[PDB]
Amino acid sequence: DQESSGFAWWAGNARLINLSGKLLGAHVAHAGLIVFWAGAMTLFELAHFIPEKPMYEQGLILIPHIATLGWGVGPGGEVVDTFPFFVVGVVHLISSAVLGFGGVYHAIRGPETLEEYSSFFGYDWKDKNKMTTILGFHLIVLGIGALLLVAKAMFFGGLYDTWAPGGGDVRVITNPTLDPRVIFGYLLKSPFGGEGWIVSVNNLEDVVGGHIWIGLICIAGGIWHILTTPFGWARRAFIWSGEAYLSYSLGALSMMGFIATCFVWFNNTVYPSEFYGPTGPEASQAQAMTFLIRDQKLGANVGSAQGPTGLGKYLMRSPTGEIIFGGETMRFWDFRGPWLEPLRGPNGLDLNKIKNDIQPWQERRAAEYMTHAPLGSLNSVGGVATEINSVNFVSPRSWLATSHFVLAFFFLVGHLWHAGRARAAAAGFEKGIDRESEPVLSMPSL
Amino acid sequence: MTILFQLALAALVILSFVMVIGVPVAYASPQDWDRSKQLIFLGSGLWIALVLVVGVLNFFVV
Amino acid sequence: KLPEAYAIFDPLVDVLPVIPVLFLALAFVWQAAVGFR
Amino acid sequence: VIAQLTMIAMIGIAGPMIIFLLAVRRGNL
Amino acid sequence: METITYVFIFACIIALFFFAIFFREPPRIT
Amino acid sequence: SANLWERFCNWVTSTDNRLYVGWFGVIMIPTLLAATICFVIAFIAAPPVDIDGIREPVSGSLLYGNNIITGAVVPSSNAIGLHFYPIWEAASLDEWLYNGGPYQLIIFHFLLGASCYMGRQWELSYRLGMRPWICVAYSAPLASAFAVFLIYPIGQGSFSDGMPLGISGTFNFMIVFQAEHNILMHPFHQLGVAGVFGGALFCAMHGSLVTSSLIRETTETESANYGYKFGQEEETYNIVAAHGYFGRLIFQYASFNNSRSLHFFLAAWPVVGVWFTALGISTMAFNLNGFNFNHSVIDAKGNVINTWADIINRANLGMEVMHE
Amino acid sequence: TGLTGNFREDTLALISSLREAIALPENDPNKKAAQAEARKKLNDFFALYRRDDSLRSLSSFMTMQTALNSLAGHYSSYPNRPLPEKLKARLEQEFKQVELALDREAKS
Amino acid sequence: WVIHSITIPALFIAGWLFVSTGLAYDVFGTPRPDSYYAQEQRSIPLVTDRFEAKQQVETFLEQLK
Amino acid sequence: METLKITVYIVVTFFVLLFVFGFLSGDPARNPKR
Amino acid sequence: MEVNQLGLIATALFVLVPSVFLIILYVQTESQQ
């Protein structure tokens, strides 16, 4: 164990680089935690959970996910029966009880190295074959689950709907959209304003039809790697070695974070504004309309008008044919939410139609998003940013995007950390510059 | 009869929470670790059954 | 909220989620006795 | 909330038990 | 007048940079 | 040689250059050189870029009556929103300037330039045979760069709220930023301060203590510096002398015997200090704000005892109304 | 539904169910269950058209969305009570415009 | 480990009482949780000028309701 | 305007293209030791 | 725009005189030997 063969204690985990028997013990145990944490929050939230009020009101970061797969939700976002929510969390706990148990088994009584007990499971980091063999299986398994999503989508129950012709809740997809036209070409869109990169996903059935590919791409991946072996150009780069593998994992995992940061903060389709709370762009958006209707309701016509700032009191005509809201909201004219789009006409909002076409839910719901416009404090002092001690909340939609970002940020550093130590290790001088012969010592002196 | 169950429910944790201590300690001193202790195979096989009493009963109980 | 057959385990359901943090803490104590070998 | 810390103490202190006993009986730590 | 002094002052900065990077006397070893 | 490419590739990588251009330099050099050129010009001559087409044009250009202090490149308008707004996409050239194009042009080439720089420091270090962690240390500013330039406007959905780049523009930014998000009370910033000071602090001591202790190769008349011969394999500064110094000044336990232990800690404190800020901003950009304790005190009579934070809560509440 | 082919023919086809099913006897063996399965087609219907970016521009499609969102939205809140006549008589007038305005697109 | 089971407890309880006893109130002259505005008359009992305050603080405090 | 569009594409495409192969060809082979 | 009329001389002398004073010392050093 000790530092004598190794390095110091504060870093002491990487003593495991060459011990695979201990290494499985780590992950399986670690995975045990993640699982155990998952179910814990579920039950933890479920005990403090109030089914009547909305979810984002509860400060609830998990049950929305379970719900989003359409269990116990009901139409209207009713959150009908909590028992499916209960089953999910407890099962993960019981699953963890097995994991860590195994994680311990490999940690101690399990063989300290796997090169012997099972040659199949045995692997050397520097080997570019038996390792790539492993990369197949996971890439197969990880591809299985993607399909197993669609099994929920197309077959068992049905996934939650952002946009229904009314109520925006529950639908079982029939025909998923698949073709490289709108899929491969989908991500080809600009990342920037007005076109999300992957964050657009207008239709639900995109993701299902999309995951089909990622389902059937990954299954090819394993079959590809299982039956193949790295080519020359691969071998010349990439620094095959224990660290680098971890280093690559980070970079991918990092960029995933910023993407995950982006969805939760913007995309309404996947995370329904209903029980995840309204998106930041929608918040000021909907608020802008509630002011609109309340004044338009009573003895006032806001259609053709000027404001004290000069742009008009509510509606403006964008450079595009569509007409939008004014105020600060004009910076978001791109937003299309479940309630707003029908109110919109062929070009922009149809004012005559706006007055008539309001629903009982829309106006109510659109006003319900007025109170919650993502904002708050760490002690949860809420209301509008400087509004004083009223309506105290922080919308969960704001937590995730904050959280995962910070983590995703570190993993950029982490990636940029190990990638240094990985290559330098392979380069051999990671142990510090050599006092005998300094590489710089003999060089052409500029 | 949920009380009849609820006592058996807590009996899971009570028995689990000790095996939470026992299993690692069983591996702690390798002397007579796997030699003296078959209790894992004695406790675990009895422990797993203590899970099935939970749900299948509660599905009828609650 | 929490099911009625399960109605009371107050502290357990109150704090599950803190204990994952405790593992990180355990590592130091498990280093403390080992003593930074 | 009268037993929140009660059970918490039980589990919170349980962790050390592992370190205590092991160190006590001087097992492979 | 006003502006044209700033550009001048800011110019000589750049004319220092390019000048100070390449034309420094190399500090030889020993 | 045996080929043009194989020879050319050998030249880029080559270390004999007075300025090392690695493969990252292939992006870095043209983009930055393209940023600066389109910067200094746009800074000098900018048409009165308009933030809101509703008509207030803003002249941050240098040609119009602006000291360096007041002059800045106005960011893009709200009318343009967050849309990618290159030259050709804009209708007319003057249209592309009047809506704040040159801003959106600089920061892209700058950032995408700044990133490749972060690597260029790396791929030199790899080719001089030296442990390559500088690129880690350099992430701290680059974190801040992306945070204030690229990220924070995404939280606002428009580059208008991005940092106007200029010495007055920056001041305007913070103050307004202070209005909405109450950044001072935020903890992450409150560490960033510590990260900067303790950087400057340690920068003084570790600068001082070693200058304090100098093995004397110089005469009193001669400069004290010149005695150091580039390439001395003697130790120019006594640790034993300076150790006990700080070791007597405070208790002898904390003196950090090991330079290799010290200098790392010297470089950990400022960096980690800065990361939290670039996290503190991104925490703000999403409207997760610094906790502002308000009406923390109240009497039995319902009156407001009005603790300090309220003063700040008012000052911010003051600013936000001012902005609009 | 049973929707096939282009949008036009089916868009017209669904109105044959929509305008019909508005006012029927409440005391029949099933109006609800009949009205239940009839409106389930909306779900099937308006899901696939949500995916079209083309028709997402022009009126005649977004007209139908205004109709669909008007009608079906009642059925999550309290589907049991029949619609108000003012909401029922304000529909057809939308459909009547639609297929005309719908036809205005093709032969424009 | 001798008197450190004695000093600390007996001493720490003192600080516990001066709050509980409220002795710290009239010692440091802090207002009492009910005592700010005597009568109603909501205004700042702001001490003003010099060679007074010892007497002036004794007006604001004098009323006390 | 429009000519500039394609121009920027071509220029940017060129560097990035020139850029990757540097690493895709024997980059670790370039270093003091091996 | 309006300005301090003499403020320009300020810069020039503040630029040149300290600058020059560094050159003169330097050119000397260059002549040493």
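Details
Letters are used for the chains, namely A, B, C, D, E, F, G, H, I and J, taken in the order the chains are written, and counting of residues starts over at 1 for each.
Quick note on the criterion: contacts are C-beta pairs under 8 Å (C-beta built on N, C-alpha and C of every residue); 3 or more make two chains touch, one makes a residue touch a chain.
For reference, the UniProt names are A = Photosystem II CP43 reaction center protein; B = Photosystem II reaction center protein Z; C = Photosystem II reaction center protein K; D = Photosystem II reaction center protein Psb30; E = Photosystem II reaction center protein T; F = Photosystem II protein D1; H = Cytochrome b559 subunit alpha; I = Photosystem II reaction center protein I; J = Photosystem II reaction center protein M.
Counting only chains that touch, the fewest steps needed to get from chain B to chain H is 3. Shared contact partners of chain E and chain G, listed by label: A. Counted by C-beta pairs in contact, the busier of C-D and E-J is C-D.
The distance from the centre of chain F to the centre of chain H, with each centre set as the mean of the Cα atoms, comes to 48 Å.
Note: centroid distance chain H to chain I, computed from Cα atoms, is 74 Å.
Taking each chain's centre as the average of its CA atoms, chain B and chain F sit 56 Å apart.
Our note on geometry: chain D versus chain J, Cα centroid distance of 75 Å, whole angstroms. Touching two or more other chains at once is no residue of chain G.
Among all residues of chain E, those that touch two or more other chains are 2, 28-29. In chain A, the positions touching at least two other chains are 108, 423, 427, 429, 439, 446. Listed by chain label, the pairs that touch are A-B, A-C, A-E, A-F, A-G, A-I, B-C, B-D, C-D, E-F, E-J, F-H, F-I.
Of all the residues in chain A, the ones that touch chain F in their complex are 190-194, 265, 280-281, 309-311, 319, 328, 330-334, 374-379, 381, 385-386, 388-389, 394, 398-399, 401-402, 405-406, 409-410, 412-413, 416-417, 420, 423-424, 427, 429-430, 432-433, 439-440, 443-444, 446.
Interface residues of chain A, counted against chain G in their complex, comprise 75-76, 161, 163-167, 169, 171, 173-175, 177, 202-206, 341-342, 344-346, 353, 356-357, 359-362.
Those residues of chain A that touch chain I in the complex are listed here as 233, 236-237, 239, 423, 426-429, 439. Interface of chain I with chain F (complex): residues 1-2, 4-5, 8, 15-16, 18-19, 22-23, 25, 27, 30-33. Taken together, the chain F residues at the contact with chain A in this complex read 15-16, 18, 52, 54-55, 78-84, 118, 122, 126, 128-133, 135-136, 139, 143, 155-158, 160, 179-182, 187, 275, 278-279, 282-283, 286-295, 313, 316-317, 320, 324.
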